[PDB]
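For reference, the structure discussed in these notes is given below.
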Amino acid sequence: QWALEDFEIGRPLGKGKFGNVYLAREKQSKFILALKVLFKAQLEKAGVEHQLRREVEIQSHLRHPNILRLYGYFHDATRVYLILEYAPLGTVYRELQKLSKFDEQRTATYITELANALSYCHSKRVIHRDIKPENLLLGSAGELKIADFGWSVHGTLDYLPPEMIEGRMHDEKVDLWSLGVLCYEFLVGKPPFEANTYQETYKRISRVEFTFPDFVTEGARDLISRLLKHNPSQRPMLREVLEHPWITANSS
Ligand SMILES: Nc1ncnc2c1ncn2[C@@H]1O[C@H](COP(=O)(O)OP(=O)(O)CP(=O)(O)O)[C@@H](O)[C@H]1O
Numbered sequence: 127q128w129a130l131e132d133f134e135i136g137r138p139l140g141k142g143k144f145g146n147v148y149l150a151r152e153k154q155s156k157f158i159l160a161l162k163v164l165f166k167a168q169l170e171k172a173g174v175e176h177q178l179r180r181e182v183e184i185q186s187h188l189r190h191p192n193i194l195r196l197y198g199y200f201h202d203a204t205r206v207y208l209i210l211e212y213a214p215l216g217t218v219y220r221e222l223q224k225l226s227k228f229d230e231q232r233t234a235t236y237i238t239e240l241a242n243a244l245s246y247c248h249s250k251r252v253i254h255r256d257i258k259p260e261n262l263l264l265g266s267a268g269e270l271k272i273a274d275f276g277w278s279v280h291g292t293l294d295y296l297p298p299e300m301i302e303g304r305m306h307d308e309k310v311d312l313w314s315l316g317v318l319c320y321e322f323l324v325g326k327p328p329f330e331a332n333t334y335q336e337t338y339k340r341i342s343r344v345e346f347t348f349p350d351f352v353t354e355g356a357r358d359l360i361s362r363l364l365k366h367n368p369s370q371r372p373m374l375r376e377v378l379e380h381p382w383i384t385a386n387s388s
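As numbered in UniProt numbering, residues 127 to 280, 291 to 388 make up the sequence shown, in order.
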């Protein structure tokens, strides 16, 4: 379909696992996009050549103002290139280092943008493992865009919920956990179950051992508490998140 020839490639936007993401421009149209290079090599030799074909396909056909568009793809000798919407304000990760914590307005805002993006994603039966802040890009007006592609129906642990590490059966509730983690991390500046070892983060996640710094408000504590429940069934539905004294008081 497309080829390396169709694009002027520019500066590096960052390094991924299996290659880098370049800034690029389609020549006939001068459309500005991102162009993700993944080497066939470290997909062959990591057992994922299968895995991405599925994520692409899932991604290939879903569309939402807060989900990163995949436009298309192609390949050459030993490289595969994906073709992405380009997010100019980078990752929420950098925004979080640059700022350390987020105020309640922006935090509630991002959680709204996410719930939406996710409830739409629920409406078509899709889900999310790698739902973490380095996988959250910011668009030209300042809005979230999920950029991790994420699965349908069957690693650092900070963002995994209990059900996925104790090896159990797991459903859309997984995303509810992620929002609690993401919410906590936006406000506090670090994930609720952070540790220095994989093996402690497990106990910490398994039991749901987290505490709040003094500066975190009764209303946030409540939402985060509702979201971070060991039993998945006990966690809310996304509409209850959206309509929540706190979210509602603080979003845009
Ligand atoms: N579409 C885009 N627009 C702007 N910047 C992007 C982008 N895609 C990627 N980047 C930048 O390049 C980095 C590497 O890409 P990406 O994060 O997708 O790699 P990756 O999936 O292999 C590892 P992970 O998903 O865990 O971060 C991103 O963290 C981001 O800084």
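For every residue, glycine included, the Cβ atom is placed at its ideal position computed from N, Cα and C.
Rounded to the nearest angstrom, what separates residue i and residue j at their Cα positions?
{"i": "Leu374", "j": "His248", "result": "9 Å"}
{"i": "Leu323", "j": "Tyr197", "result": "33 Å"}
{"i": "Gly140", "j": "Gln185", "result": "21 Å"}
{"i": "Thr217", "j": "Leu263", "result": "4 Å"}
{"i": "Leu378", "j": "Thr238", "result": "6 Å"}
{"i": "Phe348", "j": "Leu130", "result": "50 Å"}
{"i": "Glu376", "j": "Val174", "result": "36 Å"}
{"i": "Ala203", "j": "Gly325", "result": "42 Å"}
{"i": "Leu315", "j": "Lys143", "result": "24 Å"}
{"i": "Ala267", "j": "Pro214", "result": "9 Å"}
{"i": "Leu178", "j": "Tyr338", "result": "27 Å"}
{"i": "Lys365", "j": "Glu260", "result": "24 Å"}
{"i": "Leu188", "j": "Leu164", "result": "22 Å"}
{"i": "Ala243", "j": "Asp358", "result": "22 Å"}
{"i": "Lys224", "j": "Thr233", "result": "15 Å"}
{"i": "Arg220", "j": "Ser155", "result": "31 Å"}
{"i": "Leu363", "j": "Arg371", "result": "5 Å"}
{"i": "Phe228", "j": "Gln127", "result": "42 Å"}
{"i": "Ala241", "j": "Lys271", "result": "12 Å"}
Please indicate yes or no: does the CB of residue i lie closer than 7 Å to some heavy atom of ligand 1?
{"i": "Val147", "result": "yes"}
{"i": "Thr384", "result": "no"}
{"i": "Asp256", "result": "yes"}
{"i": "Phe144", "result": "yes"}
{"i": "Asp132", "result": "no"}
{"i": "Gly198", "result": "no"}
{"i": "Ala213", "result": "yes"}
{"i": "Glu230", "result": "no"}
{"i": "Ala172", "result": "no"}
{"i": "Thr337", "result": "no"}
{"i": "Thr217", "result": "yes"}
{"i": "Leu270", "result": "no"}
{"i": "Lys166", "result": "no"}
{"i": "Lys141", "result": "yes"}
{"i": "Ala234", "result": "no"}
{"i": "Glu260", "result": "yes"}
{"i": "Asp274", "result": "yes"}
If I'm right that residue i touches residue j with Cβ under 8 Å, what's the distance once you round it to whole angstroms?
{"i": "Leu149", "j": "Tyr212", "result": "7 Å"}
{"i": "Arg340", "j": "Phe351", "result": "Contact doesn't hold; Cβ gap of about 21 Å is too wide."}
{"i": "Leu159", "j": "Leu210", "result": "6 Å"}
{"i": "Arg251", "j": "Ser278", "result": "6 Å"}
{"i": "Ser387", "j": "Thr292", "result": "That pair is no contact at about 29 Å."}
{"i": "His254", "j": "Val310", "result": "7 Å"}
{"i": "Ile360", "j": "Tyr320", "result": "5 Å"}
{"i": "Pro368", "j": "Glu302", "result": "Incorrect: roughly 11 Å between the Cβ atoms, too far for contact."}
{"i": "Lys153", "j": "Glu134", "result": "6 Å"}
Using DSSP's beta-bridge definition, name the partner residues of residue i.
{"i": "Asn146", "result": "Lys141"}
{"i": "residue 285", "result": "Here residue 285 is not present, the numbering of the chain passing from 280 to 291 in one jump."}
{"i": "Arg151", "result": "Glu134, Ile158"}
{"i": "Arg205", "result": "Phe165"}
{"i": "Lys271", "result": "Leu263"}
{"i": "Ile193", "result": "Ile272"}
{"i": "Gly198", "result": "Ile209"}
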